[PDB]
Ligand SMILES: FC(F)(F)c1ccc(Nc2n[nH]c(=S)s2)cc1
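Okay, so here's just one chain, in structure tokens, the form solved without this ligand.
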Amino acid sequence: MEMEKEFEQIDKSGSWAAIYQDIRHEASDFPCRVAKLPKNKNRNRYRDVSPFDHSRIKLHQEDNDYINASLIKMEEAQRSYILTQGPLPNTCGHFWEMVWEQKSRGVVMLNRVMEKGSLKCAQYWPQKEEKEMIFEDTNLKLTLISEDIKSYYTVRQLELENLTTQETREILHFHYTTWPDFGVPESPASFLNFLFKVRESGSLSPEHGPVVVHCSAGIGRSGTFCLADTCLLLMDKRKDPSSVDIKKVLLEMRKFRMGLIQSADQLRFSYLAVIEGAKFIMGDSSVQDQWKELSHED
């Protein structure tokens, strides 16, 4: 693929840092005035990472509609994502309100609650069936329904109830649990298999609201997941699959949320994932089961 050829070129000339910086320089800059209002200071995990005003998700509250979350709307791919930061101790109700209001079916979590010995986000979902959580501020109830723990990821079914109306929905929680504390996976196989599991669940589909994707800041790994998904989707859809330019797709996504893909390592890994995932796309059926075996599930 023209992508693989470009990949090897960048590798041989050792120019990932320069290409990544090119991305940083060309990326959109839009205002985040709502995020930066003093009253919202504690709704932000990093003063460094803010949703643009034009693409931010608004809570349907009268008293403060702010949450650190962005709608990424990929026109050609016909795919939408909500990228958000890992919930804060005081924003878990907001988070689940957003999931309810946006009609999301899936939540994708790409970080551990604790990494590098520090808390990367709040424990925002119940860990035991018998101990449900109530978010009083937004009047929502959340119950662990089942949990399936595999080697590289865990999938949970949750029941989210609007206590105000007593309607309930099933939310799928996809938790990639093995992203290394430093660097990137090194083999894209298990990440790809995880992406396919999210796809297979229907969570990414047009009949639902946009999937909610988060890591700690909601730009790095989150970025990588959405960039890979969209590129793969576009290669599937277009008459000329080799016309898919990762950098152009990334820059398009950066119109909707800043800082997507946080290092040159993550960029390289994005190429790797797309390239590898493209094998299962041009006819190769017997490779979905070569990512299920290359990475265990025990």
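The first residue of the sequence shown is number 1, and the count goes up from there.
The question of which stretch, 169-177 or 184-192, has the higher mean Cα B factor is settled in favour of 184-192. Averaged over Cα atoms, the B-factor as recorded in the entry is higher for 136-144 than for the other of 210-218 and 136-144.
Reading the B-factor column for the CA atoms of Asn64, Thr230, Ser70, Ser28 in the entry, the top value corresponds to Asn64. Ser104: CA B factor lies in the middle third for its chain, per the PDB record. In the PDB entry, a CA B factor belonging to the lowest third of its chain's modelled residues is recorded for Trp96. Sort the modelled residues of the chain by CA B factor and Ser270 lands in the middle third. For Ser118, the recorded CA temperature factor ranks within the middle third of the chain's modelled residues. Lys247: CA B factor lies in the middle third for its chain, per the PDB record.
One more form of this protein, deposited with this ligand bound, exists but is not displayed; see below.
Contact check for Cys215: a non-hydrogen atom falls within 4.5 Å of this ligand in the deposited bound form.
Shown alone here, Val49 lies within 4.5 Å of this ligand in the deposited bound form, counting heavy atoms only.
Residues of 145-168 that come within 4.5 Å of this ligand in the deposited bound form, judged by any heavy atom, are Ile145, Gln157, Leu158, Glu159 in sequence order.
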